[PDB]
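Down below is the structure, laid out as structure tokens.
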Amino acid sequence: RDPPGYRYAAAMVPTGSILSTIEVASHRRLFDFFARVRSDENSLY
Amino acid sequence: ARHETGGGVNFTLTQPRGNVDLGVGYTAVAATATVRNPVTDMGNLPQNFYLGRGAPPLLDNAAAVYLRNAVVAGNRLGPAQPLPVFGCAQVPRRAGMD
Amino acid sequence: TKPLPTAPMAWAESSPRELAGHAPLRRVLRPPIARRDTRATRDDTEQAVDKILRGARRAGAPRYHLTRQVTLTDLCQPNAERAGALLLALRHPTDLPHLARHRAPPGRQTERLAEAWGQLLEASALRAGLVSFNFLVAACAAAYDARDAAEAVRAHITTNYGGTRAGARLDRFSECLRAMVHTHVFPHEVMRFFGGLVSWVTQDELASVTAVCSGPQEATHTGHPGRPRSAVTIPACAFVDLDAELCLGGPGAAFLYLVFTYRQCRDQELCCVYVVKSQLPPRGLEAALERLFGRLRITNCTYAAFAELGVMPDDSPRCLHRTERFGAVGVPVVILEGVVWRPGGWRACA
Amino acid sequence: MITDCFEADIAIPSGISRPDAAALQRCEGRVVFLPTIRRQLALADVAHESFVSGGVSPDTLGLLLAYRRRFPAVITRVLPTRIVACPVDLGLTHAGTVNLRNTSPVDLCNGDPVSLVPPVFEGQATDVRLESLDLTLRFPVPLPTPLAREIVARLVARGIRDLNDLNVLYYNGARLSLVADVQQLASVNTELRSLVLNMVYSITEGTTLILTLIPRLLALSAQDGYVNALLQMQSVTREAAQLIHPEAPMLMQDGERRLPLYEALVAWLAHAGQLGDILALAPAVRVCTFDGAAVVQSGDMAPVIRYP
Amino acid sequence: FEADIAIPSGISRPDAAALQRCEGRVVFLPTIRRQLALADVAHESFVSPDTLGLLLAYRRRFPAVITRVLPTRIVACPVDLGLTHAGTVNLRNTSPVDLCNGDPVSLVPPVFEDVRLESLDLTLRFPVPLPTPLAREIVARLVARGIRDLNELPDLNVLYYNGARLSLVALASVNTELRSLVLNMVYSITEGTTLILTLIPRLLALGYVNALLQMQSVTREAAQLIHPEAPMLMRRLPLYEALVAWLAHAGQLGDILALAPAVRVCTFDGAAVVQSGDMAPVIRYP
Amino acid sequence: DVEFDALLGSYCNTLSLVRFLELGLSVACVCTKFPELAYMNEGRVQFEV
């Protein structure tokens with residue numbers, strides 16, 4: 001497996017919004033790099 | 001055209017043509033004047049049928065082999081090598097012709 | 001260079017049909033789809049730079065495959081033999097004292113081949129190398145039917161090949177091959193075809209032999225621009241027709257074939273190599289080998305072994321029968337013309 | 001090009017009726033046996049009247065035996081004045097994709113080698129007769145090789161009955177019957193001698209070891225379902241163990257340095273395993289479609305790559 | 001001509017390096033087609049076969065030698081078509097046998113001793129490219145070993161090629177893997193030599209054929225017939241229909257056990273002997 | 001006697017050319033074009049929920 005974490009500097013400037021909101025973790029298998037965070041985390045920085 | 005063989009390159013030319021004979025009736029004649037030398041020697045060279053094939057052999061292999069050997073032997077014609085099964089019998093080659 | 005025979009002269013440039021594709025594709029149009037509805041040298045070396053430039057603007061010629069192999073010159077010589085001769089490659093020779101010990105019929109000498117090979121390394125001293133074709137005739141010269149040219153091939157090889165007492169190799173290498181027939185490892189299990197000569201580089205005891213492993217013969221880069229042309233030369237002991245012996249005078253492409261013949265008698269064994277020109281396919285060839293070589297079949301359970309060699313693609317194939325001078329000895333040499341090499345595999349006939 | 005395409009030109013004669021000239025364009029990719037590899041032949045050197053001996057028209061068994069004396073060529077293109085063919089024995093095309101046509105009732109698959117047979121089948125012995133020239137063309141029938149190894153086995157075995165049924169096949173559930181026909185004695189003895197020289201040469205002293213292993217097989221076939229499906233309901237070794245109790249020789253002459261089993265198999269392969277090639281001819285062509293499908297149907301043309 | 005084999009995405013760091021390790025190794029693709037999936041090449045696509053099964057399937061599929069291996073697709077040049085177009089392709093040895101110059105090279109299923117892609121979960125078994133004189137010997141030894149394991153010898157486990165010792169032993173899986181050949185080779189002989197034994201005493205008809213037969217059988221075959229009939233005996237037997245089913249079976253094993261070459265090695269400006277592990281310049285077109 | 005044969009008329013078609021963006025289905029697409037795709041390994045898209 002090669003799940004490289006997403007790129008926060010780029011995602012700091014998004015191209016377009018999502019619309020629907022759902023619990024995401026309910027279905028994971030659509031994605032590759034999937035991460036949950038509680039309110040903040042150290043590696044973000 | 002172009003065709004390349006043996007490393008050499010070969011050209012060939014062709015032309016289409018046509019013939020119509022616009023005479024009605026006999027328009028030309030061939031008269032045979034003289035006679036150069038006859039080709040075939042007018043000889044005597046009788047025939048063997050043992051060159052040929054397709055006749056039922058007479059029943060005694062003692063006799064059927066007997067005749068053939070007493071005929072085919074030494075004949076100017078009769079097969080030299082025993083008959084090759086497939087294509088044809090072949091005439092003994094002559095040393096020289098006249 | 002722009003002559004005035006322009007009916008065929010433009011066709012010798014490979015043409016005007018190069019624009020046949022180039023006009024509606026490259027010349028027109030805006031489609032892919034539109035909308036609807038200092039005195040002598042330089043110029044002496046300067047035209048040599050232009051010759052690189054004349055070669056760089058554009059990149060008929062059939063293809064080859066040239067091979068080179070560095071070859072010790074004990075048994076074969078690319079030196080005495082000119083361009084346009086057959087060559088034959090080999091395997092490693094220490095497998096010879098091993099395979100003869102198990103492939104022999106019961107009641108023969110399995111230690112015969114094990115000693116006969118060491119007597120050739122101890123006779124050519126007075127390793128999958130190469131054996132040229134002309135060298136192989138003089139060894140098997142004592143088994144032929146046209147023995148006079150067999151005594152002419154031997155007449156020059158003792159005097160022209162690099163080495164002392166090449167006739168002592170000829171009398172020993174044939175003794176090796178007469179041991180191959182007895183020890184039942186047949187020489188067609190060893191001899192491999194190597195293409196016709198174009199060029200060769202000499203040194204002490206080794207040679208860099210270049211040859212055509214596949215393709216036509218007459219247009220190879222022979223190396224000499226004065227003579228970039230070579231024809232195929234074969235001694236007349238081996239060249240056996242099957243057009244005359246089978247009365248097939250009908251025109252068509254002829255096929256070239258390498259043929260071994262075997263003779264197994266008690267200490268009287270023979271070797272013969274033949275190059276066979278035929279109009280026969282390989283599926284209809286062995287029936288002719290039954291006809292000519294049945295005397296060796298009755299007296300022996302194989303009797304022959306053959307392989308493909310090449311095709312003369314002419315409608316009328318062209319042979320020659322001359323006596324060339326290799327050194328100082330005239331050998332009756334059959335010269336084949338318009339020969340295209342394509343090899344093939346071997347065959348057993350028990 | 002000369003090594004790639006070496007295209008024989010059967011010349012067409014001058015006077016041909018349009019019922020017969022349009023018969024040739026219906027025969028685009030079929031098989032023509034060139035007698036030599038000339039670049040110029042005639043239709044009289046191709047047709048079935050060229051195929052006859054002196055007064056003797058060959059039967060369907062002997063008609064195989066003079067295919068292999070000639071050069072099988074696929075016709076590539078039929079011009080109005082000549083017919084262009086590529087002989088297979090040299091080399092097919094530059095890139096090498098020629099087209100046959102299934103005159104057989106049998107479909108092909110990718111990778112199947114194509115052996116060609118004289119027109120054996122019922123309702124299929126189809127000879128294009130050119131009545132405006134009196135030339136009949138027996139175009140042969142291309143088949144997959146598990147058929148042509150079976151049909152030639154049917155035709156050989158039927159003639160050997162006549163020295164003292166068999167004529168029905170199955171291929172992919174299609175019952176197809178071949179024509180029961182008279183067979184000439186000169187053709188059968190060429191086939192009969194071609195077996196017994198090749199079978200008896202395939203027997204060596206190692207084969208007397210293997211014949212001891214026959215009652216091992218009937219001991220083994222009653223256990224495995226594979227050998228029970230291998231032998232047959234109608235084999236010979238199932239009867240040739242119950243009459244035959246062999247024993248192996250204890251010592252052999254120089255039996256330590258020679259290999260008894262190894263010498264038998266190579267002597268078997270080079271004489272008996274080769275034998276299906278000897279009676280018939282060799283499949284010099286197999287089918288490699290590019291993009292269409294895995295199966296070329298009957299009547300449809302089929303792309304073609306040379307076969308070693 | 002060159003075909004592409006698309007790698008499905010989701011390849012790990014070692015599995016993407018695993019396809020990089022097999023640069024010039026042989027691949028069978030079912031049909032010559034421009035796009036083709038990597039499941040078709042894989043060992044899963046062969047269904048699982050034994051060594052009689054793989055020799056059937058190497059005669060239907062079309063071999064391609066892998067050229068440059070890109071990270072998204074695998075580029076494959078087929079042997080029957082694009083090797084008459086592209087002249088020389090490199091090919092890597094995996095055999096323990098050094099390839100000499102100008103050798104007809106066949107490919108053989110790996111009987112001796114196989115890259116598995118874990119992220120994709122499929123195995124790629126590649127054949128072992130060794131030349132045709134060995135290919136006819138090694139299979140004939142391994143069949144002959146299987147018969148002496150059906151009751152060995154001190155010999156027959158050892159081959160010498162080019163002065164080098166080969167080891168077929170290096171096993172109990174191998175003898176059962178190659179077992180369905182052995183049950184066919186034993187059947188194809190013992191059915192053969194009984195039909196000979198049931199037809200020569202049945203006819204022995206004398207035109208000259210029996211004169212050709214019994215003179216060639218003069219203490220050679222008829223003594224071999226009598227010594228078989230001494231270890232034997234001498235209703236109507238279904239003889240003439242047993243010929244057909246044997247000829248259809250005997251002619252079929254000759255094509256499995258042919259092991260025809262595709263590759264000839266015309267080296268140029270290189271060694272005459274390509275070692276094991278190295279690449280060999282490879283052609284199939286004259 | 002006098003006789004004929006005749007062609008009375010001949011009729012082609014017109015291939016309909018259908019732009020994809022004419023179809024309502026293009027709603028579901030967001031189409032953009034790399035001029036070069038083939039030089040790209042795995043591409044990505046980030047989301048943040």
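Residues in the structure tokens are named by chain (A, B, ... in the order shown) and by number from 1 within that chain; ligands are numbered from 1 in the order shown.
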Checklist entry - What residues in chain D lie within 8 Å of chain B, counting only C-alpha atoms, written as a list in words? => result residues 1, 2, 3 and 53 of chain D
Take the residues that were just selected and, keeping C-alpha atoms, output them as a PDB file, in the first residue's frame.
```pdb
ATOM      1  CA  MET D   1       9.684  -7.503 -50.918  1.00  0.00           C
ATOM      2  CA  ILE D   2      11.015 -10.511 -52.855  1.00  0.00           C
ATOM      3  CA  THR D   3      11.536 -12.478 -49.635  1.00  0.00           C
ATOM      4  CA  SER D  53      -2.336 -38.838 -63.600  1.00  0.00           C
TER       5      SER D  53
END
```
Next on the checklist: Which of stretch 11-99 of chain D end up as strand (DSSP E or B) when DSSP is run on this backbone - answer as a count of residues only?
Outcome noted: 23
Item to check | Interface list for chain E, partner chain C, 12 Å threshold, only C-alpha atoms, as a ChimeraX atom specification | outcome: /E:84-88,98-105,132-134,155-156,158-165,212,215-216,220,260-262,264-273,281-286
Output N, CA and C atoms of each residue in that selection to a file, as a CSV table (one decimal), in the first residue's frame.
```csv
chain,number,residue,atom,x,y,z
E,84,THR,N,8.7,-9.8,-36.8
E,84,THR,CA,8.9,-9.7,-38.2
E,84,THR,C,9.0,-8.2,-38.6
E,85,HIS,N,8.5,-7.3,-37.7
E,85,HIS,CA,8.6,-5.9,-37.9
E,85,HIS,C,9.8,-5.3,-37.1
E,86,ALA,N,9.8,-5.4,-35.8
E,86,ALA,CA,11.0,-5.0,-35.1
E,86,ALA,C,12.0,-6.1,-35.2
E,87,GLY,N,13.2,-5.7,-35.5
E,87,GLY,CA,14.3,-6.7,-35.8
E,87,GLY,C,14.8,-7.4,-34.5
E,88,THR,N,15.4,-6.7,-33.6
E,88,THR,CA,16.1,-7.3,-32.5
E,88,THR,C,15.5,-6.8,-31.2
E,98,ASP,N,23.9,-21.4,-20.4
E,98,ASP,CA,24.3,-20.3,-21.1
E,98,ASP,C,24.0,-20.4,-22.6
E,99,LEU,N,23.3,-19.4,-23.1
E,99,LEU,CA,22.9,-19.4,-24.5
E,99,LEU,C,24.1,-19.0,-25.4
E,100,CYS,N,24.4,-19.9,-26.4
E,100,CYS,CA,25.4,-19.6,-27.3
E,100,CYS,C,24.9,-18.9,-28.5
E,101,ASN,N,25.7,-18.5,-29.4
E,101,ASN,CA,25.3,-17.7,-30.6
E,101,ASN,C,24.6,-18.6,-31.6
E,102,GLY,N,23.4,-18.0,-32.1
E,102,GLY,CA,22.7,-18.7,-33.1
E,102,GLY,C,22.0,-20.0,-32.6
E,103,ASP,N,21.3,-19.9,-31.5
E,103,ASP,CA,20.6,-21.1,-30.9
E,103,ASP,C,19.2,-21.0,-31.1
E,104,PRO,N,18.5,-22.0,-31.6
E,104,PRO,CA,17.0,-22.0,-31.6
E,104,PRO,C,16.5,-22.1,-30.2
E,105,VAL,N,15.8,-21.1,-29.7
E,105,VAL,CA,15.4,-21.1,-28.3
E,105,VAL,C,13.9,-21.3,-28.2
E,132,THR,N,16.4,-25.5,-27.9
E,132,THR,CA,15.6,-26.7,-28.3
E,132,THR,C,16.4,-28.1,-28.2
E,133,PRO,N,17.7,-28.2,-28.3
E,133,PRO,CA,18.3,-29.5,-28.0
E,133,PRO,C,18.2,-29.9,-26.6
E,134,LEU,N,18.3,-29.0,-25.6
E,134,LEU,CA,18.1,-29.3,-24.2
E,134,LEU,C,16.6,-29.5,-23.9
E,155,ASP,N,22.5,-42.9,-12.7
E,155,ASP,CA,22.6,-41.9,-13.7
E,155,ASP,C,21.2,-41.2,-13.8
E,156,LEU,N,21.0,-40.4,-14.9
E,156,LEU,CA,19.8,-39.8,-15.4
E,156,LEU,C,19.4,-38.6,-14.6
E,158,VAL,N,21.7,-36.3,-13.9
E,158,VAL,CA,22.8,-35.4,-14.3
E,158,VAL,C,22.8,-35.1,-15.7
E,159,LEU,N,22.9,-33.8,-16.1
E,159,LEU,CA,23.1,-33.4,-17.5
E,159,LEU,C,24.4,-32.6,-17.6
E,160,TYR,N,25.1,-32.8,-18.7
E,160,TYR,CA,26.2,-32.0,-19.0
E,160,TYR,C,25.9,-31.2,-20.3
E,161,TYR,N,25.9,-29.8,-20.2
E,161,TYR,CA,25.8,-29.0,-21.3
E,161,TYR,C,26.9,-28.0,-21.3
E,162,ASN,N,27.6,-27.9,-22.4
E,162,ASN,CA,28.7,-26.8,-22.6
E,162,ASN,C,29.7,-26.9,-21.5
E,163,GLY,N,30.0,-28.1,-21.1
E,163,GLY,CA,31.0,-28.4,-20.0
E,163,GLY,C,30.5,-28.1,-18.6
E,164,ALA,N,29.2,-27.8,-18.4
E,164,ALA,CA,28.6,-27.5,-17.1
E,164,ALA,C,27.7,-28.6,-16.7
E,165,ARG,N,27.6,-28.8,-15.4
E,165,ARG,CA,26.8,-29.8,-14.8
E,165,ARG,C,25.4,-29.3,-14.5
E,212,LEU,N,9.8,-56.6,-47.5
E,212,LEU,CA,10.5,-55.5,-46.8
E,212,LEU,C,10.3,-55.6,-45.3
E,215,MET,N,12.4,-59.1,-43.7
E,215,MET,CA,13.8,-59.0,-43.9
E,215,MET,C,14.3,-57.9,-42.9
E,216,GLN,N,13.6,-56.8,-42.8
E,216,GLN,CA,13.8,-55.8,-41.7
E,216,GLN,C,13.5,-56.4,-40.4
E,220,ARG,N,15.3,-58.8,-35.9
E,220,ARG,CA,15.3,-57.4,-35.4
E,220,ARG,C,14.0,-57.1,-34.8
E,260,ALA,N,8.8,-26.3,-30.1
E,260,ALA,CA,9.3,-25.6,-31.3
E,260,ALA,C,10.0,-24.3,-30.9
E,261,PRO,N,11.1,-23.9,-31.5
E,261,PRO,CA,11.7,-22.6,-31.2
E,261,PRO,C,10.8,-21.5,-31.7
E,262,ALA,N,11.0,-20.3,-31.1
E,262,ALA,CA,10.6,-19.1,-31.7
E,262,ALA,C,11.8,-18.3,-32.0
E,264,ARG,N,15.8,-17.1,-32.4
E,264,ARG,CA,17.1,-17.3,-32.8
E,264,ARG,C,18.0,-16.1,-32.3
E,265,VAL,N,19.2,-16.4,-31.9
E,265,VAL,CA,20.0,-15.4,-31.3
E,265,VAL,C,21.2,-15.0,-32.2
E,266,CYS,N,21.0,-14.0,-33.0
E,266,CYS,CA,22.1,-13.5,-33.9
E,266,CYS,C,22.7,-12.3,-33.1
E,267,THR,N,23.7,-12.6,-32.3
E,267,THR,CA,24.5,-11.6,-31.6
E,267,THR,C,25.4,-10.9,-32.6
E,268,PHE,N,25.7,-9.6,-32.3
E,268,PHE,CA,26.5,-8.8,-33.1
E,268,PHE,C,27.2,-7.7,-32.2
E,269,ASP,N,28.5,-7.6,-32.3
E,269,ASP,CA,29.3,-6.8,-31.3
E,269,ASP,C,29.0,-7.2,-29.9
E,270,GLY,N,29.2,-8.5,-29.6
E,270,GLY,CA,29.0,-9.0,-28.3
E,270,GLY,C,29.6,-10.3,-28.1
E,271,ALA,N,29.3,-10.9,-26.9
E,271,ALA,CA,29.9,-12.2,-26.7
E,271,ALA,C,29.1,-13.3,-27.5
E,272,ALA,N,29.8,-14.3,-27.9
E,272,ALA,CA,29.2,-15.4,-28.6
E,272,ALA,C,28.4,-16.2,-27.6
E,273,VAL,N,28.7,-16.2,-26.3
E,273,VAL,CA,27.9,-16.9,-25.3
E,273,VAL,C,27.3,-15.9,-24.3
E,281,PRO,N,20.6,-10.6,-27.4
E,281,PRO,CA,19.9,-10.0,-28.6
E,281,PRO,C,19.2,-11.1,-29.4
E,282,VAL,N,18.0,-10.9,-29.7
E,282,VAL,CA,17.1,-12.0,-30.1
E,282,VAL,C,16.3,-11.5,-31.3
E,283,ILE,N,16.2,-12.4,-32.3
E,283,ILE,CA,15.4,-12.2,-33.5
E,283,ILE,C,14.6,-13.4,-33.7
E,284,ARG,N,13.4,-13.1,-34.3
E,284,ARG,CA,12.7,-14.1,-35.2
E,284,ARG,C,12.3,-13.3,-36.4
E,285,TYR,N,13.2,-13.2,-37.4
E,285,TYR,CA,13.0,-13.1,-38.8
E,285,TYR,C,14.3,-13.2,-39.5
E,286,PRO,N,14.3,-14.0,-40.6
E,286,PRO,CA,15.5,-14.1,-41.4
E,286,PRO,C,15.7,-12.9,-42.4
```
Just the residues within 10 Å of stretch 229-231 of chain C, please, counting only C-alpha atoms, with nothing from its chain fewer than 6 positions along; format it as a CSV table (one decimal) with C-alpha atoms, in the first residue's frame.
```
chain,number,residue,atom,x,y,z
C,82,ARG,CA,37.8,-15.5,-49.7
C,83,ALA,CA,34.4,-13.8,-49.1
C,84,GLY,CA,31.5,-15.9,-50.1
C,85,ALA,CA,32.3,-19.3,-48.5
C,196,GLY,CA,28.7,-16.7,-45.6
C,197,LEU,CA,31.9,-14.7,-45.4
C,198,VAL,CA,31.9,-10.9,-45.9
C,217,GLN,CA,24.4,-12.3,-50.4
C,218,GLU,CA,25.4,-10.1,-53.2
C,219,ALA,CA,24.9,-6.6,-51.7
C,220,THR,CA,26.5,-6.9,-48.2
C,221,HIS,CA,28.8,-4.3,-46.9
C,222,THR,CA,31.8,-6.3,-47.8
C,223,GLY,CA,34.0,-3.5,-46.5
C,335,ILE,CA,29.6,-21.0,-57.9
C,336,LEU,CA,26.0,-20.3,-57.0
C,337,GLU,CA,24.4,-17.0,-58.0
C,338,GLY,CA,21.6,-15.0,-56.4
C,339,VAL,CA,21.5,-16.8,-53.1
```
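If you measure from each of B:84, B:76, B:13, B:97 to residue B:45 using only C-alpha atoms, the closest one turns out to be B:76.
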Checklist outcome for this item: One residue among E:206, E:97, E:26, E:120 is nearest to chain A when using only C-alpha atoms, and that residue is E:120
Next on the checklist: Select, as a PyMOL selection string, those residues of chain F with any atom no more than 12 Å from chain A (distances computed using only C-alpha atoms).
Outcome noted: chain F and resi 42-49
Item to check | Gap from atom CA of residue E:202 to atom CA of residue D:160 - Å, one decimal | outcome: 11.7 Å
Item to check | chain F: residues DSSP assigns to helix (DSSP H, G or I), reported as an MDAnalysis selection string | outcome: chainID F and resid 20:22 24:27
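In this model, the gap between atom CA of residue E:174 and atom CA of residue E:109 comes to 11.8 Å.
One distance worth recording is that between atom CA of residue D:120 and atom CA of residue D:169, which is 12.2 Å.
Near chain E, within 10 Å and using only C-alpha atoms, the residues of chain A are residues 1, 2, 3 and 32 of chain A.
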Hey, can you spit out that residue selection with C-alpha atoms as a PDB file, in the first residue's frame?
```pdb
ATOM      1  CA  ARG A   1       0.000   0.000   0.000  1.00  0.00           C
ATOM      2  CA  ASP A   2       1.103   3.558  -0.817  1.00  0.00           C
ATOM      3  CA  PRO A   3      -1.410   5.942   0.799  1.00  0.00           C
ATOM      4  CA  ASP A  32      -7.365   5.910  -0.286  1.00  0.00           C
TER       5      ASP A  32
END
```
Checklist outcome for this item: Counting only C-alpha atoms, the residue among D:290, D:63, D:236, D:128 that lies closest to residue D:26 is D:128
If the cut-off is 12 Å, can you tell me the residues of chain E near chain F, counting only C-alpha atoms? I'd like them as a short mmCIF file (atom, residue, chain, number, x, y, z; two decimals) with N, CA, C and O atoms, in the first residue's frame.
```
data_model
loop_
_atom_site.label_atom_id
_atom_site.label_comp_id
_atom_site.auth_asym_id
_atom_site.auth_seq_id
_atom_site.Cartn_x
_atom_site.Cartn_y
_atom_site.Cartn_z
N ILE E 7 -1.24 -1.86 -16.33
CA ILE E 7 -1.19 -2.22 -14.91
C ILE E 7 -2.37 -1.56 -14.20
O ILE E 7 -2.56 -0.34 -14.34
N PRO E 8 -3.17 -2.30 -13.44
CA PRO E 8 -4.18 -1.66 -12.60
C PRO E 8 -3.53 -0.90 -11.46
O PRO E 8 -2.49 -1.30 -10.93
N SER E 9 -4.15 0.21 -11.09
CA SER E 9 -3.56 1.11 -10.11
C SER E 9 -3.64 0.50 -8.71
O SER E 9 -4.41 -0.42 -8.44
N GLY E 10 -2.82 1.04 -7.81
CA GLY E 10 -2.75 0.49 -6.48
C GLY E 10 -1.61 -0.49 -6.34
O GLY E 10 -1.80 -1.61 -5.84
N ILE E 11 -0.43 -0.11 -6.80
CA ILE E 11 0.74 -0.98 -6.75
C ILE E 11 1.64 -0.47 -5.65
O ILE E 11 1.89 0.74 -5.55
N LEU E 70 6.81 0.45 -18.47
CA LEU E 70 6.47 1.77 -17.97
C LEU E 70 5.70 1.64 -16.67
O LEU E 70 5.21 0.55 -16.37
N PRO E 71 5.60 2.69 -15.83
CA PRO E 71 4.87 2.54 -14.57
C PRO E 71 3.37 2.38 -14.73
O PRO E 71 2.72 1.83 -13.84
N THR E 72 2.80 2.85 -15.84
CA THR E 72 1.36 2.71 -16.04
C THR E 72 0.99 1.49 -16.86
O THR E 72 -0.01 0.84 -16.57
N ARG E 73 1.77 1.17 -17.88
CA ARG E 73 1.48 0.07 -18.78
C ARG E 73 2.75 -0.72 -19.03
O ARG E 73 3.86 -0.20 -18.90
#
```
Next on the checklist: Residues of chain E were defined as contacting chain D if any atom lay at most 6 Å from it, counting only C-alpha atoms; please report them as a count of residues only.
Outcome noted: 13
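Minimum atom-to-atom distance to residue D:107, evaluated using only C-alpha atoms, belongs to D:174 out of D:135, D:16, D:174, D:43.
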